[PDB]
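S.K.: Questions regarding the structure given below will be posed in turn.
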Amino acid sequence: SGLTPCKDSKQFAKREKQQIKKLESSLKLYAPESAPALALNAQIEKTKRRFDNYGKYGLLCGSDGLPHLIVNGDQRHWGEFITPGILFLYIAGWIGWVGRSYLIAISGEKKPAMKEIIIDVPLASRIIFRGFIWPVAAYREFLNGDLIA
Amino acid sequence: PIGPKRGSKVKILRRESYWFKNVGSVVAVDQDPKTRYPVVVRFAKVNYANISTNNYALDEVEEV
Amino acid sequence: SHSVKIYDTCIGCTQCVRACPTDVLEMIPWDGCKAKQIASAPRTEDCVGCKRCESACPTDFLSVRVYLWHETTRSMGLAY
Amino acid sequence: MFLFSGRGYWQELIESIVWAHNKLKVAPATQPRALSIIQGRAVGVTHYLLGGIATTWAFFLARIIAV
Amino acid sequence: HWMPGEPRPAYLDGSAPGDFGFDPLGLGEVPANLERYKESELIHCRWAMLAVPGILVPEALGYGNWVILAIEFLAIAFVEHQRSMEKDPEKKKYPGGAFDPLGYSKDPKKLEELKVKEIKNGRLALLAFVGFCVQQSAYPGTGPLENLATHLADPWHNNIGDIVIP
Amino acid sequence: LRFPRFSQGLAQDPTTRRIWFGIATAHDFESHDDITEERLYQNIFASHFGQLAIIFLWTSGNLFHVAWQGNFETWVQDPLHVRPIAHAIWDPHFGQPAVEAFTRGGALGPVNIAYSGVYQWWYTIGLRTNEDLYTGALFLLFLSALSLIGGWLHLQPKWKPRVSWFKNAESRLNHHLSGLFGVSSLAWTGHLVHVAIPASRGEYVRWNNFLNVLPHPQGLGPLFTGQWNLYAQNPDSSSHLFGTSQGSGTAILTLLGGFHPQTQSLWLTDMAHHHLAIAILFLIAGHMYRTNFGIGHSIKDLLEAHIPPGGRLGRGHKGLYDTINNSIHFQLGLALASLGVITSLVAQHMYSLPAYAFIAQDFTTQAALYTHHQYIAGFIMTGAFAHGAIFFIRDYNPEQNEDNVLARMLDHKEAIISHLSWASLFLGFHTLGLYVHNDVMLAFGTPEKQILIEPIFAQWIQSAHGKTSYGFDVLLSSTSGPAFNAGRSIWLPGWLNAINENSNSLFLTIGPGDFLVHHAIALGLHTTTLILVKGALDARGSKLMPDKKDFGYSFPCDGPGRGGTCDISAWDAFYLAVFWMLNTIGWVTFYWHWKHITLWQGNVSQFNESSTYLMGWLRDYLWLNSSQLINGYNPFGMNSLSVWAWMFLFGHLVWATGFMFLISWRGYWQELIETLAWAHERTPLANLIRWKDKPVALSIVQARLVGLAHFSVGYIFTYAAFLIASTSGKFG
Amino acid sequence: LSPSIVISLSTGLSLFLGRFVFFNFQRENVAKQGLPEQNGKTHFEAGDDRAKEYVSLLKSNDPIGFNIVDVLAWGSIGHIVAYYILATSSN
Ligand code: CLA
Ligand code: CLA
Ligand code: CLA
Ligand code: CLA
Ligand SMILES: CC1=C(/C=C/C(C)=C/C=C/C(C)=C/C=C/C=C(C)/C=C/C=C(C)/C=C/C2=C(C)CCCC2(C)C)C(C)(C)CCC1
Ligand code: SF4
Ligand code: SF4
């Protein structure tokens, strides 16, 4: 959509050069072997590697020199939004399933409210491993009809 | 004996009650033919006034 | 003044009568409950509307209800 | 939000939220309650003072160090 | 029946002609809906059966492929309005009367067997028309007979792999 | 009975609450003493007449003051280098430097520059001199007098309409559709053809000669013979100068599309055709319903027969006709929703497709009209939801509407409310997170780490409309498509030329900042809807207060029992939603103003680069553009922007004053007034004077209303001052 | 090119269709839906003295009951279509 790749972005190169020039301005103030100078020299390399990696991944830059993210579902940009999205969904489902399974276990007690303050660690440690298979567990429970009260 | 047997589980049908469509345990029922709300029910959840006991009529209680 | 109404879900525990700071309510005999009594509101012209009576009713919903209405000197709590 | 508003609205909102939680058997045994009348006042003034004092602090410190 | 091992819906007992207990969506629960759907299905079957040879015959006779007006509008509107004016549920699906001078309604069992055969052939013709319509999209400007000839060139397979996976 | 005479309860009140509540409850006809349905309807009729009387008077003042103290004749000659004048200034407090500083335009004294855009509208519709404005003012005065006379006459006992006349819904719809909407548009087309177009082509048509001038050389011949194409031949040339005959055509009904090259507004021959088509459609649509002539539809049977056979909607629409007809708050709620939607649409369309000559080059006028009509829409929407809640409280009858769509609405209110909560939380969480991430990333000196997301879907829509700034090549942007070939020879060239001109506001270019601000707007809309819908659905009662319907629409609270019941009435849900409405409209107007000012300055890259983090908004928009406004008066002197600085400070003061009513509550002030009353009573030479009504503090509900009024007034005045000062300090 | 005076034979065809083929259908729906009502009563019997149906205009001597109202309703359709053909052509 009028976007150019990072590796061929003159404004991207200008941003990198300007940041490096600004960083090197403070390097001249200290002795070359001093600890502040050693710490500063490690910052320039980090900037260089970051810019190289951004160029190497085929990110798209506009007229500003800043990368843009395409989330329409293009197969060449699945790492921007699609790939991290499924990971977040899996992790959030794990957390939710563990939290839901803990409450059901203690609901049958005489005083279920007491277990919400003093957490039963031996009981909680067993349920934690069970969240690994939460997609299959939820898929099977939905079909059987036990998901909704 | 008039009313549901004590110890049973009952469902509340009163519209304005905090425990509408909830299940409670019968504590006692009054055998006096003049009492208007003899059935005494006890609930696990307290209402907004921190009370878990209330009296209901015969037609406000459904036996589950 | 305000309007105070008493309904038949009363159990006659006498808390509202003790909570009134203006002597509006009183208890009368009534064979409709175990306590054989029910509350009454004969002097509603002295009610100020502080609703201390409703904070004392223990039923699922209040057996004593206060509805605010035309306000006078007595119901405004004015001393000047 | 705490200074301008009241307690009944939030209790009713929490009622709807609790219904949606009950629908999926994730209803906590400790019934959620909105903050009391006195607590809602105390929360508002704390944030008010914190925000004002922090704004003035940052403004003064950034201005006077530079010049 | 439609697929063995599946319980049939209560409203499809296998007594109706052409019935095979097919309703994965359950769109025929209401009796009035079932009568309307029966009539609509019959009309669709008859029209498709009347139409398909009129599409095929051109290409076979070499006159071309399948790819006054006021009189036509008047006639069709009048015919459809007059059909809609009928009130009997049974006469709408089968009008009989003088419309069948050949008298093929004399025998009851033969009548029912004819009804089943007509329903089956109507479903087949409807599927054939859907096939024609989808075929025209894949190969524009090519009639079905030319497609059959191209299949005769390579009688191996229904050439969907050339389309589904380009 | 002394005051108010319509309420006995308030008349007996011995305190100052009597006056306040007499003022506040004056127009609530349903709560007055000894009211009836007939009396209520007749009062509403008379009130509507009185309202129509005031609109015609307000319009006449503008015309009279422009004609008497304006420079309309001078502005017409050179529209692009003259400042419109609203009225004159006569203030005895003025100093000598202020008298000379405000003397602008061709006037000989202090004047006010008009930002309402009436000069352009009147110029476009055919007025050219002051005598026309005077005649218009006289006619509007006559109309106002006629409205007042009609109202008085229909308030008389002999001419009082009956209740059954007002409930005749089928006859009213026929007359309002065909007569009010169709004939009016037809008459406006007749005006445009007869007067407006010949005036735009250099010919003067007035009352004394319009019966001797043919609007078209061929007259009415082509219309009856069916040769309607002769009315579109020889259209206006692209070199035409507005108001002069150079390059003018002879067509009266065209479908060119695009903009006039000189005025940058829609062609005058397109408006005539558009209004003709609209008038014909509305005239045809007005014969649907049944009247005394034995043909048509009945709305009662139309609703009753739309019931899905599956039973997934209950009984369907049964009983809704009487529910709508017998309830007046239901009628008012439906009018306000449509009015708000079309007001928003007007605001969105008037800035991108200007209709008036020489209004696209007036930068202050165009920014004021968008902010004016967008703030009104929010208030109308809040009113629609408030009157829906009032209807649910008052007019709803559960037995009549059993198991229809309304009962099923009330049945599952918990599911609707809990989902708007999820949508609002999701939007707010993620929008704030992205904004803060960008803020931190740029604060640490590494702007290349920002999360910038291109709004691909809106860009695709723009490309499908014919914009070629993205290269998607879809639909109208594709020359080989079926869509392009259909209209290539009717309207496509002009529209395509106009849309690809990047100097106007037709489908501007968008980026990540537009994405973020659009999602902020969506969050605001969802949250305001959530508050209003929760109030409306919980108006009848909830678990905390099952019998809320017995206490009316507005009441203070239900005491401190059961944990506390502040702000529990349905009136308090409306009062909370006004803050969110103001916040959302503020976001919308901030976005519009910054984008357009950056476009006008020629440095559109500044918005494209700074809008993505929250420090850019505060530094490059508010701090940067308020430099000229606060310099209205300084220790050295003053200029013509001093009034806007004074308005700025005045709005700040009122907004800050509203906080006192919103935060501090009643019990403190009554205890203060006790001591004040004692002190007055025990003072020599001053206790000879006595009050007649005892002083008391403001009621619980009244204070919320007062604080809200202060808050809103300060908000509006401050933003108006800032907007006008910033936009007119650079472009005039 | 047939002119404006001849193409308006569409009015004749519309009147023919209104009286002979579409007459029965229109009368059935009119009686099925009936007069508009407010609170279970028609507009005239509820008090509105200007909502009484006109029966003098409905009195017709036609064998099937064709009326001037139906004449106007069915002839208005013919003129609209006639001008649609005259306008769509000659572009
Ligand atoms: C594990 C517990 C748990 C689960 C399964 C849910 C599930 C749900 N909540 Mg929820 N909620 C929770 C805890 C939980 N909540 C807590 C503790 C709070 C108070 C902070 C809320 C406050 C809340 C609101 C205000 C709303 C929901 C809503 C919802 C529903 C929409 C989906 C969603 O994620 O909303 C988003 C949920 C959140 C943003 C909550 C934050 C997540 C918390 C921090 C996780 C806490 C986990 C806890 C420590 C478990 C410990 C387990 C351990 C013993 C092993 C969904 C059914 C929405 C709805 O549909 O209406 C009811 C809604 O509007 N929730
Ligand atoms: C031809 C018949 C006719 C006409 C013209 C009217 C006209 C009117 N009636 Mg009415 N009425 C009629 C028959 C008619 N009635 C009949 C038969 C009945 C009995 C069934 C009634 C019963 C009745 C009642 C009970 C009431 C009215 C009222 C009104 C007035 C409402 C004002 C209005 O709509 O704003 C005019 C609105 C528009 C023209 C359209 C606004 C919306 C559009 C979409 C906006 C378009 C704007 C456009 C872009 C131009 C703006 C730009 C510009 C600023 C430059 C209006 C004068 C009300 C009243 O009393 O008013 C005094 C009222 O209460 N009528
Ligand atoms: C800047 C002020 C402000 C803010 C941030 C909010 C925010 C919110 N309001 Mg709100 N409101 C405000 C002013 C504000 N309001 C005012 C002035 C009024 C008028 C009185 C209202 C009236 C109002 C109503 C009537 C309603 C809301 C609701 C909401 C919530 C829904 C919006 C959303 O998406 O949540 C986004 C969430 C956030 C912005 C919270 C972010 C906080 C972060 C994540 C915490 C980070 C962790 C923390 C720092 C660690 C703790 C450290 C320790 C030292 C404390 C949201 C929390 C609605 C609600 O609650 O229903 C859902 C609702 O119904 N508001
Ligand atoms: C900017 C907002 C604002 C303003 C102006 C005020 C003003 C005031 N507050 Mg206050 N307050 C505020 C916000 C504000 N408060 C907030 C947010 C809170 C927290 C809830 C409080 C809490 C608070 C408390 C708790 C108390 C006050 C009190 C007072 C009064 C102090 C005594 C006095 O007369 O002062 C002098 C008055 C002024 C400075 C205002 C007038 C300014 C100019 C001179 C107006 C001149 C206009 C002139 C008459 C011409 C008008 C003519 C007309 C035709 C237009 C004063 C009126 C106290 C009180 O009751 O009095 C003892 C008190 O006890 N306030
Ligand atoms: C053609 C076209 C189109 C279309 C579109 C559309 C179709 C849209 C729609 C839209 C819509 C569709 C909207 C809506 C809205 C809504 C609203 C705004 C609502 C409101 C509501 C309310 C206000 C309520 C009230 C109430 C209540 C609450 C209760 C009681 C009752 C009542 C009613 C009163 C498009 C553009 C695509 C494209 C181009 C062309
Ligand atoms: S409202 Fe207060 S004064 Fe009135 S009866 Fe109740 S407790 Fe007594
Ligand atoms: S009003 Fe309440 S407290 Fe008083 S007797 Fe009745 S139930 Fe008891």
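Here's how to read the names in the structure tokens: chain A, B, ... by the order shown, residue numbers from 1 in each chain, ligand numbers from 1 in the order shown.
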Considering only C-alpha atoms, give me a table of residues in chain B that are at most 7 Å from chain C, with the closest atom pair and distance in Å for each, as JSON lines.

M.R.:
```
{"residue": "B:17", "atom": "CA", "partner": "C:60", "partner_atom": "CA", "distance": 5.8}
{"residue": "B:18", "atom": "CA", "partner": "C:60", "partner_atom": "CA", "distance": 6.6}
{"residue": "B:34", "atom": "CA", "partner": "C:32", "partner_atom": "CA", "distance": 5.8}
{"residue": "B:35", "atom": "CA", "partner": "C:32", "partner_atom": "CA", "distance": 5.1}
{"residue": "B:36", "atom": "CA", "partner": "C:32", "partner_atom": "CA", "distance": 6.3}
{"residue": "B:54", "atom": "CA", "partner": "C:60", "partner_atom": "CA", "distance": 6.2}
```

S.K.: Grab the residues selected above and save them as a short mmCIF file (atom, residue, chain, number, x, y, z; two decimals), in the first residue's frame with C-alpha atoms.

M.R.:
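selection25.cif, written as the output of this step:
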```cif
data_model
loop_
_atom_site.label_atom_id
_atom_site.label_comp_id
_atom_site.auth_asym_id
_atom_site.auth_seq_id
_atom_site.Cartn_x
_atom_site.Cartn_y
_atom_site.Cartn_z
CA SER B 17 -36.63 -11.80 46.89
CA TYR B 18 -32.84 -11.72 46.70
CA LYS B 34 -53.36 -18.44 60.74
CA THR B 35 -49.69 -17.80 59.94
CA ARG B 36 -49.31 -16.28 56.48
CA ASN B 54 -36.36 -15.65 55.39
#
```

S.K.: Applying 10 Å and only C-alpha atoms, which residues near residue 53 of chain C remain after dropping the ones on its own chain fewer than 6 positions away? List them as number ranges by chain.

M.R.: C: 4, 15-21, 25, 62-66; F: 561

S.K.: For ligand 2, list the contacting residues at 10 Å or closer, counting only C-alpha atoms and all ligand atoms, as a PyMOL selection string.

M.R.: (chain F and resi 41-53+118+121-122+125+147-148+150-151+161+164-185+188+338-339+342-343+346) or (chain G and resi 50-51)

S.K.: Those selected residues, please, written with N, CA and C atoms and delivered as a short mmCIF file (atom, residue, chain, number, x, y, z; two decimals), in the first residue's frame.

M.R.:
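That gives us part-v4.cif:
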```cif
data_model
loop_
_atom_site.label_atom_id
_atom_site.label_comp_id
_atom_site.auth_asym_id
_atom_site.auth_seq_id
_atom_site.Cartn_x
_atom_site.Cartn_y
_atom_site.Cartn_z
N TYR F 41 -52.54 16.94 25.38
CA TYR F 41 -52.31 17.04 23.95
C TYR F 41 -52.49 18.48 23.46
N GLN F 42 -53.51 19.17 23.96
CA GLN F 42 -53.74 20.55 23.52
C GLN F 42 -52.60 21.46 23.96
N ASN F 43 -52.09 21.26 25.18
CA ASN F 43 -50.95 22.04 25.64
C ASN F 43 -49.73 21.79 24.77
N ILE F 44 -49.50 20.53 24.38
CA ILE F 44 -48.36 20.22 23.52
C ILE F 44 -48.50 20.91 22.17
N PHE F 45 -49.71 20.89 21.60
CA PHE F 45 -49.96 21.57 20.33
C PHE F 45 -49.62 23.06 20.43
N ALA F 46 -50.14 23.73 21.46
CA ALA F 46 -49.88 25.16 21.62
C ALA F 46 -48.39 25.43 21.84
N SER F 47 -47.72 24.56 22.59
CA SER F 47 -46.29 24.74 22.83
C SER F 47 -45.50 24.61 21.53
N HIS F 48 -45.90 23.68 20.66
CA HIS F 48 -45.23 23.54 19.37
C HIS F 48 -45.42 24.79 18.52
N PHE F 49 -46.63 25.36 18.54
CA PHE F 49 -46.85 26.62 17.84
C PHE F 49 -45.92 27.71 18.37
N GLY F 50 -45.82 27.81 19.70
CA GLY F 50 -44.94 28.81 20.29
C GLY F 50 -43.48 28.60 19.94
N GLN F 51 -43.04 27.35 19.88
CA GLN F 51 -41.67 27.06 19.46
C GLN F 51 -41.43 27.49 18.02
N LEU F 52 -42.37 27.19 17.13
CA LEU F 52 -42.21 27.63 15.75
C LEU F 52 -42.18 29.15 15.64
N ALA F 53 -42.86 29.85 16.56
CA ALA F 53 -42.85 31.31 16.52
C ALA F 53 -41.45 31.87 16.75
N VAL F 118 -23.33 32.62 6.82
CA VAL F 118 -24.60 33.01 6.22
C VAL F 118 -24.38 33.81 4.95
N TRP F 121 -24.13 31.24 2.05
CA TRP F 121 -25.40 30.59 1.77
C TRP F 121 -26.36 31.53 1.04
N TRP F 122 -26.50 32.76 1.54
CA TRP F 122 -27.38 33.73 0.90
C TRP F 122 -26.86 34.11 -0.48
N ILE F 125 -27.85 31.16 -2.82
CA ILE F 125 -29.26 30.98 -3.13
C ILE F 125 -29.87 32.13 -3.92
N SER F 147 -47.81 32.36 13.16
CA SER F 147 -47.69 31.21 14.06
C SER F 147 -48.32 31.52 15.41
N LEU F 148 -48.02 32.70 15.97
CA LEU F 148 -48.59 33.05 17.27
C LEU F 148 -50.11 33.11 17.20
N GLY F 150 -52.13 31.54 15.13
CA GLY F 150 -52.66 30.20 15.01
C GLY F 150 -52.67 29.46 16.33
N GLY F 151 -51.59 29.59 17.11
CA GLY F 151 -51.56 28.95 18.41
C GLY F 151 -52.64 29.46 19.34
N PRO F 161 -58.96 20.66 19.27
CA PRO F 161 -59.03 19.32 18.68
C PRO F 161 -59.24 18.25 19.75
N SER F 164 -58.83 11.87 19.75
CA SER F 164 -58.78 10.93 18.64
C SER F 164 -58.16 11.55 17.39
N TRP F 165 -58.16 12.88 17.28
CA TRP F 165 -57.50 13.52 16.15
C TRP F 165 -55.99 13.33 16.21
N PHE F 166 -55.41 13.40 17.41
CA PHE F 166 -53.96 13.28 17.55
C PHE F 166 -53.47 11.85 17.34
N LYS F 167 -54.31 10.85 17.58
CA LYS F 167 -53.92 9.46 17.43
C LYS F 167 -54.20 8.92 16.04
N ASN F 168 -54.62 9.77 15.11
CA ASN F 168 -54.83 9.38 13.71
C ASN F 168 -53.46 9.30 13.04
N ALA F 169 -52.80 8.15 13.23
CA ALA F 169 -51.43 8.00 12.77
C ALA F 169 -51.33 7.78 11.27
N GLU F 170 -52.32 7.11 10.67
CA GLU F 170 -52.24 6.82 9.24
C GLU F 170 -52.41 8.08 8.40
N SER F 171 -53.33 8.96 8.79
CA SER F 171 -53.56 10.18 8.02
C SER F 171 -52.40 11.16 8.14
N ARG F 172 -51.75 11.22 9.30
CA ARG F 172 -50.63 12.13 9.47
C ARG F 172 -49.44 11.72 8.62
N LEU F 173 -49.16 10.41 8.54
CA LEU F 173 -48.00 9.95 7.79
C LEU F 173 -48.14 10.25 6.31
N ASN F 174 -49.35 10.14 5.77
CA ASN F 174 -49.57 10.46 4.36
C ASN F 174 -49.30 11.93 4.07
N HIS F 175 -49.75 12.82 4.95
CA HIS F 175 -49.60 14.24 4.70
C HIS F 175 -48.18 14.73 4.96
N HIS F 176 -47.50 14.16 5.95
CA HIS F 176 -46.13 14.58 6.22
C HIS F 176 -45.14 14.05 5.19
N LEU F 177 -45.39 12.86 4.64
CA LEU F 177 -44.51 12.33 3.61
C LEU F 177 -44.70 13.06 2.29
N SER F 178 -45.93 13.05 1.77
CA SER F 178 -46.18 13.64 0.46
C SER F 178 -46.17 15.16 0.51
N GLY F 179 -46.80 15.75 1.52
CA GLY F 179 -46.96 17.19 1.56
C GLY F 179 -45.80 17.96 2.15
N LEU F 180 -45.35 17.56 3.33
CA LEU F 180 -44.28 18.30 4.00
C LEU F 180 -42.93 18.03 3.36
N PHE F 181 -42.68 16.79 2.93
CA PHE F 181 -41.38 16.41 2.40
C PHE F 181 -41.30 16.48 0.88
N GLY F 182 -42.40 16.21 0.17
CA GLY F 182 -42.37 16.20 -1.28
C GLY F 182 -42.62 17.56 -1.91
N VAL F 183 -43.70 18.22 -1.51
CA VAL F 183 -44.04 19.51 -2.09
C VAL F 183 -42.99 20.56 -1.73
N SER F 184 -42.42 20.49 -0.53
CA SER F 184 -41.38 21.44 -0.15
C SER F 184 -40.14 21.29 -1.03
N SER F 185 -39.72 20.05 -1.28
CA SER F 185 -38.57 19.83 -2.15
C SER F 185 -38.87 20.24 -3.59
N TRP F 188 -38.56 23.93 -3.71
CA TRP F 188 -37.16 24.36 -3.70
C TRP F 188 -36.50 24.15 -5.05
N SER F 338 -33.31 9.37 15.37
CA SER F 338 -33.16 9.68 13.95
C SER F 338 -32.60 11.08 13.75
N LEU F 339 -33.05 12.04 14.56
CA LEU F 339 -32.54 13.40 14.45
C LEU F 339 -31.04 13.46 14.74
N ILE F 342 -29.08 11.91 11.76
CA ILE F 342 -28.99 12.76 10.58
C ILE F 342 -28.20 14.04 10.87
N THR F 343 -28.18 14.51 12.11
CA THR F 343 -27.33 15.65 12.44
C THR F 343 -25.85 15.29 12.32
N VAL F 346 -25.10 15.19 8.64
CA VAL F 346 -24.95 16.54 8.10
C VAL F 346 -23.56 17.07 8.40
N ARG G 50 -63.74 13.48 11.42
CA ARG G 50 -63.19 13.69 10.09
C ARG G 50 -62.61 12.43 9.48
N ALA G 51 -62.74 11.29 10.15
CA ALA G 51 -62.20 10.02 9.69
C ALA G 51 -63.27 9.07 9.18
#
```

S.K.: Taking 6 positions as the minimum chain separation for residues in the same chain, which residues sit within 12 Å of segment 19-24 of chain G when counting only C-alpha atoms? Answer as a ChimeraX atom specification.

M.R.: /E:74-75,77-82,85 /G:12-13,30-31,62-68,70-71,73-75

S.K.: Could you list, as a PyMOL selection string, all residues that come within 7 Å of ligand 3? Count only C-alpha atoms and all ligand atoms.

M.R.: (chain D and resi 1-2+4-5) or (chain F and resi 421+424-429+432+523+527+530-531+576-577+579-580)

S.K.: Filtering to N, CA and C atoms, could you give me those residues as a PDB file, in the first residue's frame?

M.R.:
```pdb
ATOM      1  N   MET D   1     -13.619   9.831  38.818  1.00  0.00           N
ATOM      2  CA  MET D   1     -14.662   8.817  38.714  1.00  0.00           C
ATOM      3  C   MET D   1     -15.265   8.503  40.075  1.00  0.00           C
ATOM      4  N   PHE D   2     -14.431   8.440  41.115  1.00  0.00           N
ATOM      5  CA  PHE D   2     -14.915   8.134  42.456  1.00  0.00           C
ATOM      6  C   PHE D   2     -15.582   9.329  43.121  1.00  0.00           C
ATOM      7  N   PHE D   4     -17.287  11.921  41.639  1.00  0.00           N
ATOM      8  CA  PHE D   4     -18.503  12.411  41.002  1.00  0.00           C
ATOM      9  C   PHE D   4     -19.655  11.416  41.031  1.00  0.00           C
ATOM     10  N   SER D   5     -19.391  10.138  41.282  1.00  0.00           N
ATOM     11  CA  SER D   5     -20.380   9.085  41.104  1.00  0.00           C
ATOM     12  C   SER D   5     -20.806   8.499  42.449  1.00  0.00           C
TER      13      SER D   5
ATOM     14  N   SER F 421     -19.899  -4.334  28.392  1.00  0.00           N
ATOM     15  CA  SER F 421     -18.792  -4.218  29.331  1.00  0.00           C
ATOM     16  C   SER F 421     -17.523  -4.843  28.767  1.00  0.00           C
ATOM     17  N   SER F 424     -16.160  -2.629  25.834  1.00  0.00           N
ATOM     18  CA  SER F 424     -15.535  -1.415  26.341  1.00  0.00           C
ATOM     19  C   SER F 424     -14.190  -1.715  26.985  1.00  0.00           C
ATOM     20  N   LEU F 425     -14.132  -2.740  27.840  1.00  0.00           N
ATOM     21  CA  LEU F 425     -12.884  -3.064  28.525  1.00  0.00           C
ATOM     22  C   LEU F 425     -11.793  -3.440  27.532  1.00  0.00           C
ATOM     23  N   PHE F 426     -12.132  -4.264  26.543  1.00  0.00           N
ATOM     24  CA  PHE F 426     -11.154  -4.675  25.541  1.00  0.00           C
ATOM     25  C   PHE F 426     -10.587  -3.466  24.807  1.00  0.00           C
ATOM     26  N   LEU F 427     -11.475  -2.612  24.288  1.00  0.00           N
ATOM     27  CA  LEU F 427     -11.023  -1.449  23.531  1.00  0.00           C
ATOM     28  C   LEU F 427     -10.150  -0.540  24.386  1.00  0.00           C
ATOM     29  N   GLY F 428     -10.604  -0.229  25.601  1.00  0.00           N
ATOM     30  CA  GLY F 428      -9.861   0.698  26.438  1.00  0.00           C
ATOM     31  C   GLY F 428      -8.500   0.162  26.831  1.00  0.00           C
ATOM     32  N   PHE F 429      -8.457  -1.096  27.287  1.00  0.00           N
ATOM     33  CA  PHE F 429      -7.194  -1.715  27.664  1.00  0.00           C
ATOM     34  C   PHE F 429      -6.191  -1.620  26.530  1.00  0.00           C
ATOM     35  N   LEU F 432      -5.174   2.144  25.294  1.00  0.00           N
ATOM     36  CA  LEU F 432      -4.285   2.795  26.247  1.00  0.00           C
ATOM     37  C   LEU F 432      -2.921   2.121  26.269  1.00  0.00           C
ATOM     38  N   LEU F 523     -14.256   3.316  21.414  1.00  0.00           N
ATOM     39  CA  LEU F 523     -14.347   3.087  22.855  1.00  0.00           C
ATOM     40  C   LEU F 523     -15.318   4.060  23.510  1.00  0.00           C
ATOM     41  N   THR F 527     -18.806   2.967  25.475  1.00  0.00           N
ATOM     42  CA  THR F 527     -19.008   3.212  26.903  1.00  0.00           C
ATOM     43  C   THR F 527     -20.239   4.078  27.160  1.00  0.00           C
ATOM     44  N   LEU F 530     -23.178   1.917  26.783  1.00  0.00           N
ATOM     45  CA  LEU F 530     -23.307   1.011  27.919  1.00  0.00           C
ATOM     46  C   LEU F 530     -23.986   1.696  29.092  1.00  0.00           C
ATOM     47  N   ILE F 531     -23.545   2.909  29.427  1.00  0.00           N
ATOM     48  CA  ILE F 531     -24.137   3.619  30.561  1.00  0.00           C
ATOM     49  C   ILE F 531     -25.620   3.875  30.316  1.00  0.00           C
ATOM     50  N   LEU F 576     -24.536  10.697  34.551  1.00  0.00           N
ATOM     51  CA  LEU F 576     -23.180  10.180  34.413  1.00  0.00           C
ATOM     52  C   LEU F 576     -22.748  10.068  32.957  1.00  0.00           C
ATOM     53  N   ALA F 577     -23.692   9.859  32.038  1.00  0.00           N
ATOM     54  CA  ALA F 577     -23.354   9.661  30.634  1.00  0.00           C
ATOM     55  C   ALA F 577     -23.004  10.957  29.914  1.00  0.00           C
ATOM     56  N   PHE F 579     -20.900  13.242  30.894  1.00  0.00           N
ATOM     57  CA  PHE F 579     -19.447  13.385  30.940  1.00  0.00           C
ATOM     58  C   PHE F 579     -18.789  12.599  29.813  1.00  0.00           C
ATOM     59  N   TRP F 580     -19.229  11.358  29.607  1.00  0.00           N
ATOM     60  CA  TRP F 580     -18.660  10.536  28.547  1.00  0.00           C
ATOM     61  C   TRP F 580     -19.006  11.083  27.169  1.00  0.00           C
TER      62      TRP F 580
END
```

S.K.: When you get a sec, could you note down which chain F residues fall within 7 Å of chain D, using only C-alpha atoms, as an NGL selection string?

M.R.: :F and (414 or 417-418 or 563-568 or 662-663)

S.K.: For residue 533 of chain F, work out the shell of residues within 10 Å, counting only C-alpha atoms and skipping chain neighbours fewer than 5 positions away, then give it as a PyMOL selection string.

M.R.: chain F and resi 385-386+388-389+413+416-417+420+527-528+538-539+573-574
